[PDB]
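Visitor: From the sequence below, what's the structure:
(10 chains)
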Amino acid sequence: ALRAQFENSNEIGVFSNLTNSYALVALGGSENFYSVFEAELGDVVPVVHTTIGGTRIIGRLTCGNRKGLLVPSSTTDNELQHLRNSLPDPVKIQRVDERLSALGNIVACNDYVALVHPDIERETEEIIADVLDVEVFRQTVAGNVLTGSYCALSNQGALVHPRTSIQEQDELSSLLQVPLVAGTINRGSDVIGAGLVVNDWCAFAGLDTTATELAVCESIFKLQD
Amino acid sequence: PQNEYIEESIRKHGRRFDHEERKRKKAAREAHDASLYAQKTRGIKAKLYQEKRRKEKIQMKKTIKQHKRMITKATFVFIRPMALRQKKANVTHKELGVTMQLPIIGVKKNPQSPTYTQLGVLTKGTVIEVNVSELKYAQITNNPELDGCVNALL
Amino acid sequence: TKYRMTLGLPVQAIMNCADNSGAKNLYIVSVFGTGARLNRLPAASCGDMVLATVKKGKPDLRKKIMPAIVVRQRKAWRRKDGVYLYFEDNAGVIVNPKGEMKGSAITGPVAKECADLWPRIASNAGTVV
Amino acid sequence: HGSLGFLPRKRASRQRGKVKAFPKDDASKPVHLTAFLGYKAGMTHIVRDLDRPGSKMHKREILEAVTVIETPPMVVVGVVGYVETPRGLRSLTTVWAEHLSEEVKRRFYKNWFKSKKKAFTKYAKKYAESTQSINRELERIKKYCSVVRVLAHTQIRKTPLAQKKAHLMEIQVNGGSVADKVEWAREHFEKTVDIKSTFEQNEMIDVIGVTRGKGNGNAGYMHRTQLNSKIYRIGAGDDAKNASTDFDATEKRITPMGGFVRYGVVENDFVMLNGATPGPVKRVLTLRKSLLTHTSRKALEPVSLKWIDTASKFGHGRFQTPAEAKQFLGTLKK
Amino acid sequence: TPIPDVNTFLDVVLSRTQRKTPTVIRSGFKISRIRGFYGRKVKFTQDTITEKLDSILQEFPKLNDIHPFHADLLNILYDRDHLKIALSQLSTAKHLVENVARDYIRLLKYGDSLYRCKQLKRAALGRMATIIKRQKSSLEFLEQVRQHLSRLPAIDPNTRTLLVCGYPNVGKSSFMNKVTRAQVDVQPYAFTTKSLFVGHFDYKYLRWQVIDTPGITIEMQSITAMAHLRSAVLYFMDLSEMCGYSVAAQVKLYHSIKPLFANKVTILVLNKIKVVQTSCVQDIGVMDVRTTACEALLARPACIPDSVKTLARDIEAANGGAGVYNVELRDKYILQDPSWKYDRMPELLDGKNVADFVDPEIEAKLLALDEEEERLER
Amino acid sequence: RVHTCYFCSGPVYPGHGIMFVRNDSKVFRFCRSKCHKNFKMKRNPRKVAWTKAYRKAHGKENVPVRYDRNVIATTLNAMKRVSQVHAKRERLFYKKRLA
RNA sequence: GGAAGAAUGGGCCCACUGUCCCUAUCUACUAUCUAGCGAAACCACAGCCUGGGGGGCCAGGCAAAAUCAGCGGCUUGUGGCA
RNA sequence: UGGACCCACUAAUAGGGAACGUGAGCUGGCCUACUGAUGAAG
RNA sequence: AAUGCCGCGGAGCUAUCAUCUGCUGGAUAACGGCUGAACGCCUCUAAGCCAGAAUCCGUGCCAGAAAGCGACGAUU
RNA sequence: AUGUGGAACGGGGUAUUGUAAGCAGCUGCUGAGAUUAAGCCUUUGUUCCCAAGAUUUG
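Guide: Numbers count the residues shown, from 1 in each chain, chains lettered A, B, ... in the order given. Take a look:
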């Protein structure tokens, strides 16, 4: 687990997207964040510096996995062409034209199990299942439609809002087939997805995240070893 | 930091290398600077320089030697304003040499005019009777209309 | 930061709240960070922090001079790409000075200028258009 | 009220912009020009990548309004000599060329046709008779004078303008010794100097001209000089591939469909300027290399155009060229 | 706020009054205008004095309102009773000045002539100056109090803390200096640490405040702090008696100080070797003692890559630095041909989005379409 | 990329026109002011003679790919050939419509 | 935007509006010119400003005809008495 | 500075004068200037 | 139908409702110093010098003397 | 004051409105018709105009 901040904000998840095989970074911002990502997992997985739709909210607006990556249809075709050039050939990128523009904030996807907002269109869910090659379940996290932003998903564990019930958390963990912990990061911030990003082997959290929260996240994700 | 935090940094790191000769240099050339002060400045800050220079000059000389129908004046109880009315006077005893704020029991006579004496107007030189039990007529040695206080001598 | 963008929400205006916090209608009082201009009422627009009072909603929340961020605008303003944008109504969010909203969701599309400027607003956004 | 400095608000005494300030000479530098004078035709808008380092809009797409100024190559017709004196710059003498362009002769005459065209006739013969006298004057210029300006005029024939009078003006020749400037002026007699000589598709130029007139204090028709105003492109309309942005290809010409409003069709060398310029359409403008030396990033960055718009400025046009228009529209009876 | 001298404060107040209010009043104006001018100057003088007094009162805290540890230390190290007396004297002086100003303003309300106003204006200033001059020692005490308060630390008894007290120079300060990043100077002279030193420390993801205490005014301050503090005692007894105090003397001192050590975890540190032996000379066991004291006070597999199992900022800084460095996206591309990666592409031609209508299969489709078109034409 | 007008159904170049988004996350681009007002008044494009929708339905008419030099070069020539072939069919269609 | 200075008006509220932000545009007339006709008040003499004794005086600054159009005229920061 | 001593922004919302400030800019309890437009003449 | 009513309406006008642009050299005050007497020391000062304020004066920006002037073309 | 001259018209291009009247059989003519510079662009289009009158100038 590495703690860092983008510009002057520790909300790394909004400004960057981390997958199990690729990393998404913003363009025109602080070069230190790109250097930190390159030093952490650049030599292991690719890190692409590009903006979707000309914005630095690519992390909080785009959703994807190691198998496939989904971007909003509003993204420029020129941006899509650059993404394919940067991304490896085995990485699948598909444009999603759905009633929900924020793919990342609405749906959080893991390498095997994905949970999406109940309002997602059937065609988008079929496209997401076809692209990510994972099971997609339309449910809610802590009674919030923005499951992809208020909750964090990872292969070795999951993070949920601290207000989630134990029975609901147990049901979600059983459904996701992975351990789940309900809590807050970035010193009590309830946007776990916006405030934390964890990969299969590495995790990147905000620079202002509490040590106890960082220790809890490392144990939950088994990133200590 | 804690306690006299700059007093162990000096203890552990040392002093500004060139502070002492700078302060020695400042303590020397200030003599020329002081004279240049009086030859350039003007106004109140120059006036404030003047008497403060002489104050320490004479003090130094001492140590080396040792080496509408209304009342326009304050009254005691036309129209006499309540604010202008006064009942306490800081009359100073002559033999005792102690100034005490005594109540104005009454006014004996006002030298300005008998009408002022009838009105009990407090004026300089007017005779006023004040109780001396805690210690009698007394003459006002000041003008309360300008001084703002009933200053008198027993 | 944020570039020059058309201001069309002057003081003494009623503006609609689009979160689940229970607030419905918002009354503008003053605009943060306004210059000392002569005879020019400060205005508001998407992504701008202003002082507003909840006209209707939860009684405890209202009667408080609190910062508000506008997220929707009727007026047509130019985006730096060269296209003009306008929305069906004026919508804002209930937010503390730190930059956190009491509510936990937003309704309808969200201007990317508001979303990019305030990262947690984008976190709460589900439709950014 | 407005600025106190720009007072009085009286109408300009010059129809065409006059360059009062010129870049400082440097003999170490080679001989080069400093000022240009073209014609403002109109404006369009272009699409361009914005490669501004450190900005939030870094390495992405931005739209910028541009102005189109036709700049046909001038004809150098003469040189003048200037002497630095305790009373300022004084004109020592002036030498010209032999075959003056006929538009220049229109400048000297208010009623050309009625006149017997007697301008410079005896000067022409005395040059052909004895070039020694001219050589002596050029000897005077190269020896005594300190600031040298060449006489240049707009060649208005190839422009689509009703006016037939050439706008004559002087351009400083900065660089080299005095004799070097005169020799450069001599070898450039009677020939043409292109716009590409002075500006290089990315340079720091100051546009000068007389602003338009709003009618009656006076409101409009004053002399003005805008600073900054970076160049975006120096086109060459003589090439049929003049606009032809590399990103879009889309074979086209700078002239908007139906021609520039109240100007016509631009055919010759033209310059693209960001923002706006003083003065209305079909008016002569004057450009000059920026006086100061600033390496601000907004003045040093390179520019590679993405796409320019050649739509119909007349009305709400929506078509770039008839080649791309015809197949979209259904085949009409004509 | 800083505490100025009595003479300096009067001059600053007088200068500020003259600089802000006008000082040019011709005698030919109305009596009310002269009366208004004199009153405004007096009112400004009263306001400036009132603002200074209020700022002093606001800056001065309340001993009762302070925490029990802070108040006891303040009383011991600053004579809170004397400080309270001085503050009340200043408050009484401020009230007396306000009453005098109100009386002067009321007298000025019935002004008659310019000389009467001028005499009244001088009289008010002189009375205020005498009151300010009389309140001279209070300023000196306040300045000393401010300096002592500024040097004083911020006690946080709510958080976890470790109090080290006992015989002077028994190595407790050295252990505290080693445990926490705070470094308090130690000298061979006894009672070198006149004031307590607090050093933050981290242990088991918890913040511990290592606070040293004077060996046993300094002893009284150390006792008062230990009296009201949620911290564990760290009584260090010199086993080798190298601190100058005998083992029996240290034990007797620890027994006497046990009333303050009650309701807390007591650690018996055998210096210069809970009873913990710590070799002060050998600097051994300090970490173990600190740890003991801290303890006493208290199907989705992860596809980890082989590279994971087994900088950009520097590059940008070296070339042009931040804000002057342009990163080219062509380099960070997986294009097979390096020339193709560094070259541009056709975006839109002839009114058609070519980039949106060009596919890899078009290489063979175009040839097939050309053959199909020829067949259709034929 | 030049978008297609919602009402006018024509090419929309960057800069001109306006963009209108809806509550259902549907964004409509208007080619010109008249087209924007036409969509403002909810005029049916199939009921508008000057709209390509009526012209069509009245008898009157996502995965990015890796770039290749050869593919790009042939794409431009094919587009020109496609336009030439398509234009001829319309001329025949217009002749049939007139006849 | 909607009282921050037309609506139909309705029941403090609601609606409404260039009152305002912040003015912009248009039309008509007046204004303007040309032709003709054609006054009266008013008038010691006139008419550039600073300073000194106002426009006329003294010492300065300046100073180019004829005209058209909008349009002005001593006092300060320190109380008194013994 | 915006609003009825106040309550917020802002970097601050400094003090005055034009002796009856500007009541012949403002309200309540001919000629000479200035701005512009032409202009005969060495 | 004194511009009957309504929709759109180019060109013009205008929009801090739309866009563009808004410098760079010297001499200074406070002040920091250097050399250095007066005054065999010392001393920013006396003779001198260096640095230094959104300050001052120029550079640029506009007007161009209608009684300032120049180069040049023709000259019944 | 005889010319890639000028002008009036007209053609083409460009544009606004919305598909005319009429022929007809909603549809076809017909994405037509009308207007298009009076402060748009161009003119191998037809026409006439002109190598002119007066005033002051060493």
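
Visitor: secondary structure class for the residue nearest to residue E:313 when sequence neighbours are not counted?
Guide: Excluding the flanking residues, the one nearest residue E:313 by Cβ to Cβ, 6 or more residues apart in numbering or on different chains is residue A:35, at 3.8 Å. In short, each C-beta sits where N, CA and C put it, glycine included. Following DSSP: H, G, I helix; E, B strand; the rest coil, we place residue A:35 in the helix state.

Visitor: contacting residues for residue A:35?
Guide: Residues in contact with residue A:35, defined by Cβ atoms under 8 Å, 6 or more residues apart in numbering or on different chains, are E:311, E:312, E:313, E:314.

Visitor: Please look at residue D:184 and residue D:177 and confirm they touch.
Guide: No: judged on Cβ atoms under 8 Å, residue D:184 makes no contact with residue D:177 at a distance of 10.6 Å.

Visitor: coming back round to it: just among the contacts of residue A:35, which is most surrounded?
Guide: Using other Cβ atoms under 10 Å in any protein chain shown as the neighbour test, these are led by residue E:312, with 21 neighbours.

Visitor: can you confirm residue D:79 is in a strand?
Guide: Yes: under three-state DSSP, residue D:79 sits within a strand.

Visitor: dump the residue contacts of it.
Guide: D:94, D:95, D:141, D:148, D:149, D:150, D:151, D:182, D:185, D:186.

Visitor: Now it: closest residue in space that isn't a chain neighbour?
Guide: Nearest one to residue D:79, counting by Cβ to Cβ, 6+ apart, is residue D:185 at 4.2 Å.

Visitor: Any chance you could list what contacts the helix or strand encompassing the one you found?
Guide: Applying DSSP states H and E as the criterion places residue D:185 in helix D:178-187. For helix D:178-187, contacts defined as Cβ under 8 Å, 6+ apart pick out D:31, D:76, D:79, D:138, D:141-143, D:145-146, D:148, D:150, D:173, D:175-176.

Visitor: Helices - which of those residues land there?
Guide: Counted as lying in helices by DSSP state H, out of the contacts of helix D:178-187, are D:138, D:141, D:142, D:143.

Visitor: With distance to residue A:87 and neighbour count added, can I get those in CSV?
Guide: Formatted as CSV, the ones in helices among the contacts of helix D:178-187 follow (distance: Cβ to Cβ, whole Å; neighbours: other Cβ atoms under 10 Å in any protein chain shown):
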residue, distance to residue A:87, neighbour count
D:138, 68, 20
D:141, 67, 25
D:142, 66, 19
D:143, 71, 11
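
Visitor: and residue 73, how many residues sit next to it?
Guide: No chain specified, so I'll use chain A. Per other Cβ under 10 Å, the neighbour tally for residue A:73 reads 15.

Visitor: should've been chain D
Guide: Residue D:73 is flanked by 19 other residues according to other Cβ under 10 Å.

Visitor: Closest residue of the stretch 1-150 of chain D to chain A?
Guide: Of all residues in the stretch 1-150 of chain D, residue D:58 sits closest to chain A, at 3.4 Å by Cβ to the nearest Cβ.

Visitor: What separation is there between that residue and chain F?
Guide: 19 Å (Cβ to the nearest Cβ, to the nearest Å).

Visitor: That residue and residue C:115: what is the separation?
Guide: Here residue D:58 is placed at a distance of 19 Å from residue C:115 (Cβ to Cβ, to the nearest Å).

Visitor: List the buried residues of the helix holding residue D:185.
Guide: For helix D:178-187, burial by neighbour count (16 or more other Cβ atoms under 10 Å in any protein chain shown) applies to D:178, D:180, D:181, D:182, D:184, D:185, D:186.

Visitor: Run the chain-centre distance for stretch F:42-51.
Guide: Stretch F:42-51 sits 14 Å away from the centroid of its parent chain (Cα atoms, centre = their mean, to the nearest Å).

Visitor: what sits up against that stretch?
Guide: Against stretch F:42-51 from outside (Cβ under 8 Å, 6+ apart): F:7, F:8, F:9, F:38, F:52, F:53, F:54, F:55, F:57, F:58.

Visitor: So which of those residues belong to helices?
Guide: Among the contacts of stretch F:42-51, the ones falling in helices (DSSP H) are F:38, F:52, F:53, F:54, F:55.

Visitor: With adjacent residues omitted, what lies nearest to residue C:82?
Guide: The nearest residue in space to residue C:82 (Cβ to Cβ, 6+ apart) is residue D:63, at 3.1 Å.

Visitor: now that neighbour: how far from residue D:307?
Guide: Relative to residue D:307, and taking Cβ to Cβ, residue D:63 is found at 10 Å.

Visitor: what touches both of the two?
Guide: Contacts common to residue D:63 and residue D:307, judged by Cβ under 8 Å, 6+ apart, are D:46, D:47, F:14.

Visitor: Can you give me the distance of the second one to residue A:164?
Guide: Distance of residue D:47 to residue A:164, computed by Cβ to Cβ: 48 Å.

Visitor: again, but for the last one
Guide: Note on residue F:14: its distance to residue A:164, by Cβ to Cβ, is 46 Å.

Visitor: any chance you could map the strands in the stretch 51-200 of chain D?
Guide: Applying DSSP state E, counting those that start in this stretch to the stretch 51-200 of chain D gives strands spanning D:60-70, D:74-85, D:88-96, D:147-153, D:168-174, D:192-193.

Visitor: Which residues does the third one contact?
Guide: By Cβ under 8 Å, 6+ apart, the residues outside strand D:88-96 that reach it are D:77-83, D:120, D:123, D:134, D:137-138, D:140-141, D:144-145, D:147, D:151.

Visitor: returning to that earlier point: excluding covalently adjacent residues, which one is nearest to the residue of the stretch 1-150 of chain D closest to chain A?
Guide: Per Cβ to Cβ, 6+ apart, closest to residue D:58 is residue A:28, 3.4 Å.

Visitor: check contacts around residue A:132.
Guide: Counted by Cβ under 8 Å, 6+ apart, residue A:132 has contacts A:64, A:65, A:67, A:68, A:70, A:109, A:114.

Visitor: Isn't the last one up against residue A:138?
Guide: Right, residue A:114. No: under the criterion of Cβ under 8 Å, residue A:114 makes no contact with residue A:138, lying 9.9 Å away.

Visitor: of those two, who's got more company?
Guide: Taking other Cβ under 10 Å, residue A:114 and residue A:138 do not tie; residue A:114 has more neighbours (23 against 15).

Visitor: Now the phi/psi pair for the more buried one, please.
Guide: phi -130, psi 140 (degrees, to the nearest 10).

Visitor: if we can go back for a sec, who wins on neighbours among the contacts of stretch F:42-51?
Guide: Neighbour max across the contacts of stretch F:42-51 (other Cβ under 10 Å) = residue F:7, 27 neighbours.

Visitor: That one is in contact with residue F:32, isn't it?
Guide: No: in this structure, residue F:7 is not within contact of residue F:32 by Cβ under 8 Å, at 9.1 Å.

Visitor: Can you classify residue 84 as helix, strand or coil?
Guide: Using chain A here. helix.

Visitor: wrong one, chain E
Guide: With three-state DSSP as the basis, residue E:84 sits in helix.

Visitor: How about it, nearest residue that isn't a chain neighbour?
Guide: Residue E:84 sits nearest to residue E:63 (Cβ to Cβ, 6+ apart), 6.4 Å away.

Visitor: quick check, the one you found in a helix?
Guide: No: assessed with three-state DSSP, residue E:63 is coil; it does not lie in a helix.

Visitor: wait, it sits on residue E:71?
Guide: Yes: between residue E:63 and residue E:71 there is a contact at 5.2 Å, judged by Cβ under 8 Å.

Visitor: distance between the ends of stretch B:123-140?
Guide: 7 Å (Cα to Cα, to the nearest Å).
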